[PDB]
Amino acid sequence: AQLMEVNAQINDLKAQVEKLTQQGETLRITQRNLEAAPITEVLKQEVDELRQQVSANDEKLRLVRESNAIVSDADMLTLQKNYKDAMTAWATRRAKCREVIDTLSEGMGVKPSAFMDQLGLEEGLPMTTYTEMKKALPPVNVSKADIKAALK
Amino acid sequence: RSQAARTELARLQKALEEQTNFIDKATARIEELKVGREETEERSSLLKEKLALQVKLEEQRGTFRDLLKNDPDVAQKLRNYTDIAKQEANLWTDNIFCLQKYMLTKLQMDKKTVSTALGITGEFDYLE
């Protein structure tokens with residue numbers, strides 16, 4: 001019935017509708033993105049609130065730090081090392097002293113005690129407490145470089 | 001056959017109207033939404049900050065968590081013990097310098113031999 005006229009038109013618009021629908025959905029996508037974002041006045045708020053909220057923690061850190069309420073990993077290392085240094089310095093200077101006191105005792109053929117009494121050398125503390133101190137709290141070795149690594 | 005193929009053209013006209021009105025509603029809603037939200041170097045440099053800060057927080061609370069790991073009772077225990085040991089190390093230092101006095105000015109021993117025997121070194125000092 002020369003329906004080519006009409007059966008062509010369907011094809012024409014079957015192309016047209018499709019175009020708009022495949023364009024249509026695109027709009028939807030972007031508007032979704034638009035509905036999922038805050039305005040630029042509210043986003044300007046939330047930021048100057050977060051700024052204050054962060055600055056807050058910077059102050060809390062400044063305080064608990066300045067008050068020595070807390071110990072940093074580097075500091076906890078440094079005290080730890082300084083301890084080794086002292087307990088070493090101690091156990092060392094005692095020894096390299098009492099070993100000379102040894103020779104010098106029988107040099108004069110006399111007890112070490114009275115030698116220390118004459119020269120005016122101090123009793124010391126006992127090693128009873130030193131070793132029980134190493135026991136209580138064990139010294140450890142701590143590299144200076146380790147301490148630099150903790151400080152960053 | 002003819003009308004059967006005529007109906008398929010009656011479906012797509014209605015479909016086109018519906019799709020057209022839909023697109024209209026869409027462009028409208030965007031037109032209203034793009035009002036508050038407007039892409040700018042400002043809003044751009046802004047969203048980035050609402051993230052930056054947001055993250056910096058999580059970093060901070062991590063910092064805290066980690067900072068509290070360190071027992072200050074121990075820090076003090078250490079602090080006290082070392083004070084003790086250093087006063088003791090300073091004691092035996094004083095005893096060593098005293099043996100230097102006697103050995104040098106009484107037993108007239110060797111100023112070279114004395115150092116080496118006592119343990120006196122370069123930069124031998126009290127612990128401050």
# chains A, B, ... in the order shown; residues from 1 in each chain; ligands from 1

call {"tool": "interface_residues", "arguments": {"of": "chain A", "to": "chain B", "cutoff": "6 Å", "atoms": "only C-alpha atoms", "output": "mmCIF file with C-alpha atoms, in the first residue's frame"}}
result
data_model
loop_
_atom_site.group_PDB
_atom_site.id
_atom_site.type_symbol
_atom_site.label_atom_id
_atom_site.label_comp_id
_atom_site.auth_asym_id
_atom_site.auth_seq_id
_atom_site.Cartn_x
_atom_site.Cartn_y
_atom_site.Cartn_z
ATOM 1 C CA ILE A 10 8.786 4.790 12.376
ATOM 2 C CA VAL A 17 13.658 8.776 20.527
ATOM 3 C CA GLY A 24 18.302 11.753 28.877
ATOM 4 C CA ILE A 39 26.300 24.088 48.178
ATOM 5 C CA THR A 40 29.252 26.468 48.212
ATOM 6 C CA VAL A 47 35.677 23.993 56.409
ATOM 7 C CA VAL A 71 56.305 10.632 76.854
ATOM 8 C CA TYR A 83 70.272 5.051 82.037
ATOM 9 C CA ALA A 86 75.009 6.060 83.816
ATOM 10 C CA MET A 87 74.876 2.437 85.050
ATOM 11 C CA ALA A 89 79.767 4.758 83.946
ATOM 12 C CA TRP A 90 79.134 3.623 87.484
ATOM 13 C CA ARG A 93 84.541 3.676 87.493
ATOM 14 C CA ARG A 94 83.931 1.656 90.604
ATOM 15 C CA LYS A 96 88.728 0.496 87.554
ATOM 16 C CA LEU A 121 87.755 7.715 99.522
#

call {"tool": "atom_distance", "arguments": {"atom1": "CA of residue 1 in chain A", "atom2": "CA of residue 7 in chain B"}}
result
16.1 Å

call {"tool": "select_by_dssp", "arguments": {"residues": "range 3-128 of chain B", "states": "alpha helix (DSSP H)", "output": "PyMOL selection string"}}
result
chain B and resi 3-33+41-67+72-105+111-118

call {"tool": "closest_residue", "arguments": {"among": "A:118, A:9, A:16, A:141", "to": "residue 79 in chain A", "atoms": "only C-alpha atoms"}}
result
A:141
